A.B. asks: 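One structure follows; several queries about it will come next.
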Amino acid sequence: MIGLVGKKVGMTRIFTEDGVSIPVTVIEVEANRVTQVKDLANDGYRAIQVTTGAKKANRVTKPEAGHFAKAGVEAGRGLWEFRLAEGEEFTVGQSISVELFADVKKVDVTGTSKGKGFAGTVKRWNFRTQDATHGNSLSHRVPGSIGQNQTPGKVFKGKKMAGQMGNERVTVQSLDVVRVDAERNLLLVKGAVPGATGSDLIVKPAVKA
Amino acid sequence: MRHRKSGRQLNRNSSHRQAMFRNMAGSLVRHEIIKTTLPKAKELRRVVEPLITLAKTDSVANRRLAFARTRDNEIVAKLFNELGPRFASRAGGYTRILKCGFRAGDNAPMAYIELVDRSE
Amino acid sequence: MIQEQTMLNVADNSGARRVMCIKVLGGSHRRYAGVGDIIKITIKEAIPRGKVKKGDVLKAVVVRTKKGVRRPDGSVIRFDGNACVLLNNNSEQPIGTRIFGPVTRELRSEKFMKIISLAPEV
Amino acid sequence: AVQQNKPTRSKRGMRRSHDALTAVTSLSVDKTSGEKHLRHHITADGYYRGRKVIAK
Amino acid sequence: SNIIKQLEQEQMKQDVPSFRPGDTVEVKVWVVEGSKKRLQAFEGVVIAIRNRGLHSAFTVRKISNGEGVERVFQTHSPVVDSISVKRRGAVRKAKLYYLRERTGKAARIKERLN
RNA sequence: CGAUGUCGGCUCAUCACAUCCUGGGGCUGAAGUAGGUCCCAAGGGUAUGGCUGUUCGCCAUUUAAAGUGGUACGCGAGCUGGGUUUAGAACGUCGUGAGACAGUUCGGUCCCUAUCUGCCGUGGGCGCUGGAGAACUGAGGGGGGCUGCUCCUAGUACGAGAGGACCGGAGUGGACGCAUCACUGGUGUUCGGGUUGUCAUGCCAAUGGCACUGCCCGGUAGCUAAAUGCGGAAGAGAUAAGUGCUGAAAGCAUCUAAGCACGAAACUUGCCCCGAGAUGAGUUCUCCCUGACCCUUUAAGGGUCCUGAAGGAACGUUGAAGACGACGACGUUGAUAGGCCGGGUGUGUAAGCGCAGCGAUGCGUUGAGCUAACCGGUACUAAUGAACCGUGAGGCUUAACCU
RNA sequence: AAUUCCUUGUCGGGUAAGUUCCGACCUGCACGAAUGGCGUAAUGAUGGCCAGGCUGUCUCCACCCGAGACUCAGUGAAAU
RNA sequence: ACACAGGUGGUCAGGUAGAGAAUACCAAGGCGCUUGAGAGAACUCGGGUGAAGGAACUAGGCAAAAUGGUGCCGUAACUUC
RNA sequence: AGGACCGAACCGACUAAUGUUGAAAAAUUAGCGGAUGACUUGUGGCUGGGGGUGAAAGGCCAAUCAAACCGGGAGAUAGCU
Ligand SMILES: [Mg+2]
Ligand SMILES: [Mg+2]
Ligand SMILES: [Mg+2]
Ligand SMILES: [Mg+2]
Ligand SMILES: [Mg+2]
Ligand SMILES: [Mg+2]
Ligand SMILES: [Mg+2]
Ligand SMILES: [Mg+2]
Ligand SMILES: [Mg+2]
Ligand SMILES: [Mg+2]
Ligand SMILES: [Mg+2]
Ligand SMILES: [Mg+2]
Ligand SMILES: [Mg+2]
Ligand SMILES: [Mg+2]
Ligand SMILES: [Mg+2]
Ligand SMILES: [Mg+2]
Ligand SMILES: [Mg+2]
Ligand SMILES: [Mg+2]
Ligand SMILES: [Mg+2]
Ligand SMILES: [Mg+2]
Ligand SMILES: [Mg+2]
Ligand SMILES: [Mg+2]
Ligand SMILES: [Mg+2]
Ligand SMILES: [Mg+2]
Ligand SMILES: [Mg+2]
Ligand SMILES: [Mg+2]
Ligand SMILES: [Mg+2]
Ligand SMILES: [Mg+2]
Ligand SMILES: [Mg+2]
Ligand SMILES: [Mg+2]
Ligand SMILES: [Mg+2]
Ligand SMILES: [Mg+2]
Ligand SMILES: [Mg+2]
Ligand SMILES: [Mg+2]
Ligand SMILES: [Mg+2]
Ligand SMILES: [Mg+2]
Ligand SMILES: [Mg+2]
Ligand SMILES: [Mg+2]
Ligand SMILES: [Mg+2]
Ligand SMILES: [Mg+2]
Ligand SMILES: [Mg+2]
Ligand SMILES: [Mg+2]
Ligand SMILES: [Mg+2]
Ligand SMILES: [Mg+2]
Ligand SMILES: [Mg+2]
Ligand SMILES: [Mg+2]
Ligand SMILES: [Mg+2]
Ligand SMILES: [Mg+2]
Ligand SMILES: [Mg+2]
Ligand SMILES: [Mg+2]
Ligand SMILES: [Mg+2]
Ligand SMILES: [Mg+2]
Ligand SMILES: [Mg+2]
Ligand SMILES: [Mg+2]
Ligand SMILES: [Mg+2]
Ligand SMILES: [Mg+2]
Ligand SMILES: [Mg+2]
Ligand SMILES: [Mg+2]
Ligand SMILES: [Mg+2]
């Protein structure tokens, strides 16, 4: 359902009156402006496209400026799309704010995780290292065996090997929301979220709930 | 992995790197212009400009610190007497780098690095 | 923390002094146990008079550890050694009638209220 | 590990298809000296962006 | 990090006495209970301090009943309630971790005269 | 037999179901709890040690359970080398002897830079029919799916008692997986300090080099687990074993022949990720180009001049992006990197001077000095006027309209 | 038992659990007196077993410092 | 076979610390080892540190870690004294 | 005094790793044994192949030893590939 796009400011803690420390992640959720509304006639689906501002003018190409000229007249870092469920809320130039999350108790939070680049075995798939002494010859972090024998005569698909790790979108699936403060574009959620500081993320009410 | 780290190894150990940067800083202070590789100059900036900032203020303790970090009375004296007042009112950016092609022996990118005032 | 082959001091007047952990009870593949967790031990020192002797195999509960406990306050409580109170193999009740050294709030549960009462501090 | 069959000149050329060099195709000129030079690099004479480097 | 800084000031406390490593402090910790909330005393030598604004902490070693019993307090927490200094030791060090193996009469710290 | 390396272990697995646990049922010589046997079910899960070279086995001690098999008795161009088929030596035994034992005993070289298939990642080219910048749909594929204990129902149903539920709710754990450094910690040869030997800066003082970073004590950022957040689901559809309603053949009966209803961790979906090379190459929005002329074998023809758009590429400053490509930000109409300013953090009272003391040393100036990767600012330095690529309205036939 | 197939013989000790080890039993398959028998202080880069300390051997790996691996320039192999 | 981390007899031999011709830093003297420049990925090699546990590893404490000097005190069974 | 003790030069080669188209047709690094004696080493000499030498391993006799190397009988023979 309708969600918002925010930036990861960092992590901190909140102390409650009952002596409990809650670790929270600060998400800056500025105003999101609707730039386009998809419907079932022109497109085959009902959704809305939104943007968050703070983009310079000389870096906006003519196609993007023309796209924004549709009652948005304000460029943003990028465009995101949210599938629109029932309700049929006002769409064009509505400028949804963080107040939308003033009643929800759970959020999913999607973002691009930190990029390791190398992964490597052991670190990527929690493989067990072979021994370090007792003769081991140049085989400590190596994977080991990758196939049975002549009978299969090959290596199966999906075999766990060394490659790229991180730098891919991940969801956290129903985090808890602690505080939603207005006049500051802030949303505090318990726990950690994927990505580094200053990275963009998509906050969306939990579907499991 | 390297995340938010600074300083490059130059394929050397710490002691060799420190000695090389000390010698290069002394040479740059003495000659006001030198020919070196681009990464080496980019690293030498962070070693040489702080010395000029330290020399901005003259005191016995600052002289001792500069001598600890350079180990050459000649260039220490050139500081606090010539390079101090020459900049004085300039806030950072005492050196500039200019690419100057490649080196014949190994095709390494080369660059001049020199003080901005250029002895004028 | 507290795993198999770990040597623990004794914090009650059972006359054992030193014990060795031989199993971490509760769940399969469980690695180590913290404070307030039942473990299987074997006696090693067994002072003469005592109430038990060397080679006995019975239960025990960890009351002090060098790693400590965090709990929601965010604080930590570390100790200089690992200690436990011997328990009956079947009834799971303490054998000794005295408790030495401080204990920690995680022993507040119903099962160890006698240990809580007998402890000198906390 | 060594080859079991001798690969062909066709495979050799297919592999080398990615070995072609690339030209700079970008030689900027200095409005003073007039010399063509590699961009962001000083000129062979000693000029850069009009000014004469290697001088007082 | 203006946002984070301004968020932390809202919880930072204004009644933290200036205590140094090697000083003996007395911390009154709240003991939560159904309807028996009350203070509890903890006295010991301060062996380490960590200054991180709202994330500040300090370690106190009590050495009770023959065991060291260390305790790490979060300075800006509602459970610490209050803290007071009873002695002023001279140690010319930031971390007193050697007291872990020192113990005995060698664990005493000379008072700081002023 | 012009060589297919053999037992056990380690690492990594994948399939079957004749099912060990979990799930659904019939029967019971099933009162309850707990059991026995059979049927359906392969989604997930399925122990650490002692002894032995030991797979197996016995033992101790856990678990819901510690399944049976195939895969060259899976796996040595992945590892080991304990057993076992070389050369040394000894015991028992056999032989006159050289020697032998499928008897024992001590010791005893494990090579290979990956061409092709395969697999894990990441790119270039062309295509998708004018070109370009974005957001999508989703054919298809992959990941995930485990389970204990405590409490309520309830000391209730059941039972003489002891004992003790099904169904339905709540909480807290084990193992596993994903993410992240707010906390607790590790590291932190780029920060501070102590100290031994020796050399040097003319000497004192103060510093630097070397000795594993000389040794050692702390410790920023980053990365990290032991640290802390989350997950497995609910729901829906069609079913397996099984249970049925109505109902003839066969006046009764019958779950079945016509018809109708329930029914499991299996199947489809729901959850997460990839995904239009999906050549079946999809959809939506936006942006750019609308000048002449010559020739021929005269049709998706060739050529001269003028023109060069949208955008891209290249170059430079770089990144919590990265083997290289790639990807992201910035290029003076600028905070992209370095420097500088302020702060923070760490270390722990710098040097010089003064006083006390014969001196080591202590006290004041002084929580001083220094301080990497951090935070907030600042054009001081470096990111150039340009050049390069990419064009000039985009085929044919038919269908519905304007002519 | 450097000797014993049956065999991990039986008993005792050690461990929590000991086909190994130590002490006995004697049913010596198949010990035995210069192809020497039984002991023996000291000695051993000798074989077996146990304990203290110590530890990344391990539960379970994490970070860091250098040399390669990777990219650019020069030279330039090999088995098959 | 090489401008090859191998082998090759004799003589001289300074300072500080040190028992020392060991070891560390130096003097006289001689050298930086005939491809470089970048980056800071798996994996390999050579090293440093490590929370709690401390042989649970393994055929086997293999390898690592640990002990380590001078003076004085003190020191068991057994013994060929 | 000692085929005495610890430990450099010197002589060895017990463990591990690396290397295995090597830096090297047995070496490098870290440990390890002897180190006044049955010790080690330079120069020269003697023992010659069914022979020599051997604190004995069928070991060594010019990177070759259950019978060295060079030349010859010799185009040995090969019911075998
Ligand atoms: Mg990265
Ligand atoms: Mg393992
Ligand atoms: Mg090897
Ligand atoms: Mg940086
Ligand atoms: Mg190099
Ligand atoms: Mg050094
Ligand atoms: Mg073939
Ligand atoms: Mg063949
Ligand atoms: Mg079946
Ligand atoms: Mg399913
Ligand atoms: Mg096999
Ligand atoms: Mg198998
Ligand atoms: Mg294989
Ligand atoms: Mg094998
Ligand atoms: Mg063997
Ligand atoms: Mg699947
Ligand atoms: Mg941090
Ligand atoms: Mg720390
Ligand atoms: Mg330092
Ligand atoms: Mg001095
Ligand atoms: Mg020197
Ligand atoms: Mg030296
Ligand atoms: Mg369901
Ligand atoms: Mg009928
Ligand atoms: Mg800047
Ligand atoms: Mg401070
Ligand atoms: Mg100082
Ligand atoms: Mg036997
Ligand atoms: Mg044992
Ligand atoms: Mg015996
Ligand atoms: Mg005999
Ligand atoms: Mg006789
Ligand atoms: Mg290479
Ligand atoms: Mg090359
Ligand atoms: Mg060839
Ligand atoms: Mg050479
Ligand atoms: Mg040589
Ligand atoms: Mg010699
Ligand atoms: Mg490295
Ligand atoms: Mg290593
Ligand atoms: Mg170490
Ligand atoms: Mg350190
Ligand atoms: Mg440790
Ligand atoms: Mg420790
Ligand atoms: Mg220990
Ligand atoms: Mg084992
Ligand atoms: Mg060893
Ligand atoms: Mg060692
Ligand atoms: Mg001797
Ligand atoms: Mg000796
Ligand atoms: Mg040998
Ligand atoms: Mg050696
Ligand atoms: Mg000796
Ligand atoms: Mg023989
Ligand atoms: Mg020979
Ligand atoms: Mg013959
Ligand atoms: Mg003849
Ligand atoms: Mg012939
Ligand atoms: Mg024949």
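Below, each value reflects all heavy atoms present in this structure, side chains not excepted, and no hydrogens, waters or symmetry copies. Residue numbering restarts at 1 for every chain, and letters A, B, ... go by the order of the sequence lines.
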A.B. asks: Side-chain contact, heavy-atom cut-off 4.5 Å: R71(C) with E106(C)?
C.D. replies: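 Heavy-atom side-chain distance check passes, below 4.5 Å.
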
A.B. asks: Is the count of non-hydrogen atoms from other residues, nucleotides or ligands lying under 6.0 Å from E101(E) atom CD greater than 12?
C.D. replies: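 Result for CD/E101(E): open.
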
A.B. asks: For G39(G) and its strand neighbour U40(G), are the base ring centres under 5.5 angstrom apart and the ring planes under 30 degrees apart?
C.D. replies: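 Pair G39(G), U40(G) comes out stacked.
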
A.B. asks: Tell me what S17(D) touches on the nucleic acid: a base, only sugar-phosphate, or nothing, going by heavy atoms under 4.0 Å.
C.D. replies: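 No contact at all - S17(D) keeps every heavy atom at 4.0 Å or more from the nucleic acid.
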
A.B. asks: Base, sugar-phosphate, or nothing: which does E49(B) touch, judged by heavy atoms less than 4.0 Å apart?
C.D. replies: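 Sugar-phosphate contact only - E49(B) comes under 4.0 Å of backbone atoms but never of a base.
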
A.B. asks: For the nucleotides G251(F) and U347(F), report whether a Watson-Crick or G-U wobble pair is present, with both relevant distances below 3.5 Å.
C.D. replies: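 Check failed, no canonical or wobble pair found.
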
A.B. asks: Under 3.5 Å for both distances, do we get a Watson-Crick or G-U wobble pair between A24(H) and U16(H)?
C.D. replies: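 Paired: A24(H) with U16(H), WC or G-U, both distances under 3.5 Å.
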
A.B. asks: Contact class for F127(A) vs. all strands (heavy atom < 4.0 Å): base, sugar-phosphate, or nothing?
C.D. replies: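 Result for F127(A) = sugar-phosphate.
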
A.B. asks: Select base, sugar-phosphate, or nothing to describe what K190(A) touches, counting heavy atoms under 4.0 Å on all strands.
C.D. replies: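 If one applies the 4.0 Å heavy-atom cut-off, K190(A) turns out to touch the sugar-phosphate alone, with no base involved.
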
A.B. asks: What I want to check is whether an N or O donor and acceptor connect the side chain of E4(C) with the base of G49(F) at under 3.5 Å.
C.D. replies: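 No such pair is found, so the answer is no.
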
A.B. asks: Which base sits across from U75(G) as a Watson-Crick or G-U pair, both distances under 3.5 Å?
C.D. replies: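 Across all strands, not a single nucleotide pairs with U75(G).
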
A.B. asks: Kindly label the base of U384(F) as syn or anti, based on whether its glycosidic torsion lies within 90° of 0.
C.D. replies: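 It is syn.
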
A.B. asks: For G354(F), give the paired nucleotide (Watson-Crick: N1-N3 plus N6-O4 or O6-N4; G-U: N1-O2 and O6-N3; both under 3.5 Å), or none.
C.D. replies: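 Checking every strand shown, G354(F) finds its partner in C363(F), with both distances under 3.5 Å.
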
A.B. asks: With a cut-off of 5.5 Å for ring centres and 30° for planes, do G362(F) and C363(F) stack?
C.D. replies: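 Yes, the six-membered rings of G362(F) and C363(F) stack, since their centres lie under 5.5 Å apart and their planes differ by under 30°.
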
A.B. asks: Could you tell me how far apart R52(E) (CZ) and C374(F) (P) are, to the nearest whole angstrom?
C.D. replies: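 So the CZ-P distance, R52(E) to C374(F), works out to 15 Å.
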
A.B. asks: Think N107(B) has a side-chain N or O under 4.0 angstrom from the OP1 or OP2 of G74(G)?
C.D. replies: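 No, because none of the side-chain N or O atoms of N107(B) sits under 4.0 Å from OP1 or OP2 of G74(G).
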
A.B. asks: Using a cut-off of 3.5 Å for both contacts, decide if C212(F) and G242(F) are a Watson-Crick or G-U pair.
C.D. replies: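 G242(F) does not match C212(F) under the WC/wobble rule.
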
A.B. asks: Within this structure, what is the NZ-to-P distance between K208(A) and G229(F), rounded to whole angstrom?
C.D. replies: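 Atom NZ in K208(A) sits about 20 Å away from atom P in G229(F).
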
A.B. asks: Have a look at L25(C) and say if it touches a base, only the backbone sugar-phosphate, or nothing, with a 4.0 Å heavy-atom cut-off.
C.D. replies: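 Sugar-phosphate only.
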
A.B. asks: Round to the nearest Å and state the distance from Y94(B) atom OH to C380(F) atom P.
C.D. replies: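 About 13 Å, once rounded to whole Å.
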
A.B. asks: How many Å lie between CG on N149(A) and P on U71(F), as a whole number?
C.D. replies: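 After rounding, the gap between these two atoms is 10 Å.
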
A.B. asks: Need the pair for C230(F). Rule: Watson-Crick or G-U wobble, both distances under 3.5 Å, any strand; none if unpaired.
C.D. replies: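 Checking every strand shown, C230(F) finds its partner in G177(F), with both distances under 3.5 Å.
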
A.B. asks: Run the pair test on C327(F) and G95(F): Watson-Crick or G-U wobble, both distances under 3.5 Å, answer yes or no.
C.D. replies: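 Pairing fails for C327(F) and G95(F), missing the Watson-Crick or G-U definition.
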
A.B. asks: By nearest heavy atom, map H67(A) and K31(D) onto RNA chain F; which one lands nearer the 5' end?
C.D. replies: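 That would be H67(A).
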
A.B. asks: Could you run down the sub-3.5 Å N/O contacts of the protein with nucleotides 324-335 of chain F?
C.D. replies:
from: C330(F); atom 1: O3'; to: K56(A); atom 2: NZ; distance (Å): 3.1
from: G331(F); atom 1: OP1; to: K56(A); atom 2: NZ; distance (Å): 2.8
from: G331(F); atom 1: OP2; to: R59(A); atom 2: NE; distance (Å): 3.0
from: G331(F); atom 1: OP2; to: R59(A); atom 2: NH2; distance (Å): 3.1
from: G331(F); atom 1: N7; to: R59(A); atom 2: NH2; distance (Å): 3.4

A.B. asks: What's the verdict on side-chain contact (heavy atoms from CB on, under 4.5 Å) for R83(A) and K38(A), showing C-alpha distance, side-chain angles and the deciding distance?
C.D. replies: CA-CA 9 Å; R83(A) 303 294 297 269; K38(A) 321 246 184 134; over 6 Å; no

A.B. asks: Need the pair for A62(G). Rule: Watson-Crick or G-U wobble, both distances under 3.5 Å, any strand; none if unpaired.
C.D. replies: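 WC or wobble partner is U49(H).
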
A.B. asks: For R2(B) and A91(B), take the nucleotide of RNA chain F holding the closest heavy atom to each; which residue's nucleotide lies nearer the 5' end?
C.D. replies: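 Nearer the 5' end of the strand: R2(B).
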
A.B. asks: In terms of side-chain geometry, is the basic nitrogen of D176(A) or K106(A) positioned less than 4.0 Å from the acidic oxygen of its partner?
C.D. replies: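 So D176(A) does not pair with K106(A) through a salt bridge.
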
A.B. asks: Between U283(F) and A266(F), do both key distances fall under 3.5 Å for a Watson-Crick or G-U wobble pair?
C.D. replies: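 So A266(F) is not base-paired to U283(F).
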
A.B. asks: Whether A23(I) and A24(I) stack: are their six-membered ring centres under 5.5 Å apart and their planes inclined by less than 30°?
C.D. replies: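 By the ring-centre and plane-angle rule, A23(I) stacks on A24(I).
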
A.B. asks: Charged N to carboxylate O below 4.0 Å: is that the case for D56(C) and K44(C)?
C.D. replies: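 No, this pair does not count.
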
A.B. asks: Here, do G92(F) and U187(F) pair up as Watson-Crick or G-U wobble, each distance under 3.5 Å?
C.D. replies: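 Not paired: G92(F) with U187(F) fails the WC/G-U check at 3.5 Å.
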
A.B. asks: Establish whether the base of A320(F) is bridged to the side chain of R4(B) by a donor-acceptor pair shorter than 3.5 Å.
C.D. replies: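 Answer yes: a donor N or O sits under 3.5 Å from an acceptor.
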
A.B. asks: When both hydrogen-bonding distances must be under 3.5 Å and the geometry is Watson-Crick or G-U wobble, what is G53(F) paired with, if anything?
C.D. replies: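 Here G53(F) is not engaged in any pair, so there is no nucleotide opposite it.
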
A.B. asks: If we require both distances under 3.5 Å, is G138(F) with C101(F) a Watson-Crick or G-U wobble pair?
C.D. replies: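 The answer is no: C101(F) does not partner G138(F).
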
A.B. asks: Report yes or no: is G108(F) base-paired to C136(F) (Watson-Crick or G-U wobble, both distances under 3.5 Å)?
C.D. replies: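 Under the 3.5 Å cut-off on both distances, the two nucleotides are not paired.
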
A.B. asks: Reckon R64(B) touches a base, only the sugar-phosphate, or nothing at all at heavy-atom distances under 4.0 Å?
C.D. replies: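 Here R64(B) touches the bases of the nucleic acid.
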
A.B. asks: Base, sugar-phosphate, or nothing for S139(A), non-hydrogen atoms under 4.0 angstrom?
C.D. replies: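 It contacts sugar-phosphate atoms only.
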
A.B. asks: Please tell me whether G66(G) and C45(H) form a Watson-Crick or G-U wobble pair, using a cut-off of 3.5 Å on both distances.
C.D. replies: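 Between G66(G) and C45(H) there is a Watson-Crick or G-U pair, with both distances under 3.5 Å.
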
A.B. asks: For atom CD of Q6(E), decide whether the heavy atoms of other residues, nucleotides or ligands shown that lie under 6.0 angstrom number more than 12.
C.D. replies: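 Atom CD in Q6(E) is crowded, with more than 12 foreign heavy atoms closer than 6.0 Å.
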
A.B. asks: Does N82(C) make a side-chain N or O approach to OP1 or OP2 of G53(H) shorter than 4.0 Å?
C.D. replies: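 For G53(H), OP1 or OP2 has a side-chain N or O of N82(C) closer than 4.0 Å.
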
A.B. asks: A47(A) and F82(A): which non-hydrogen atoms are nearest, and at how many Å?
C.D. replies: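 Looks like CB-O, 3.1 Å.
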
A.B. asks: Crowded around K159(A) NZ? As in, over 12 foreign heavy atoms under 6.0 Å?
C.D. replies: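 Yes, the 6.0 Å shell around NZ holds more than 12 heavy atoms from other groups.
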
A.B. asks: Is the backbone N or O of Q9(B) less than 3.5 Å from a side-chain atom of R17(B), with the two atoms forming a donor-acceptor pair by type?
C.D. replies: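 Between the backbone of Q9(B) and the side chain of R17(B) there is a qualifying donor-acceptor contact (under 3.5 Å).
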
A.B. asks: Partner of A68(I) by Watson-Crick or G-U wobble geometry, both contacts under 3.5 Å, or none?
C.D. replies: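 Checking every strand shown, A68(I) finds no partner, since no pair has both distances under 3.5 Å.
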
A.B. asks: Tell me which nucleotide, if any, is Watson-Crick or G-U wobble paired with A69(G) when both distances must be under 3.5 Å.
C.D. replies: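 Across any shown strand, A69(G) pairs with none.
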
A.B. asks: Does the structure show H134(A) stacking with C62(H), if we require the centres to be closer than 5.5 Å and the planes to be within less than 30 degrees of parallel?
C.D. replies: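 So yes, this residue stacks on that base, both cut-offs being met.
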
A.B. asks: Decide if a Watson-Crick or G-U wobble pair links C260(F) and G244(F), counting it only when both distances are under 3.5 Å.
C.D. replies: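 Verdict: paired bases.
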
A.B. asks: Is there a Watson-Crick or G-U wobble partner for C38(G) with both distances under 3.5 Å, and if so, which one is it?
C.D. replies: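 When the pairing criteria are applied, nothing turns out to pair with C38(G), so the answer is none.
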
A.B. asks: Within the structure shown, what part of the strands sits under 4.0 Å from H41(D) by heavy-atom distance: base, sugar-phosphate, or nothing?
C.D. replies: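 Since no nucleic acid heavy atom lies under 4.0 Å of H41(D), the category is nothing.
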
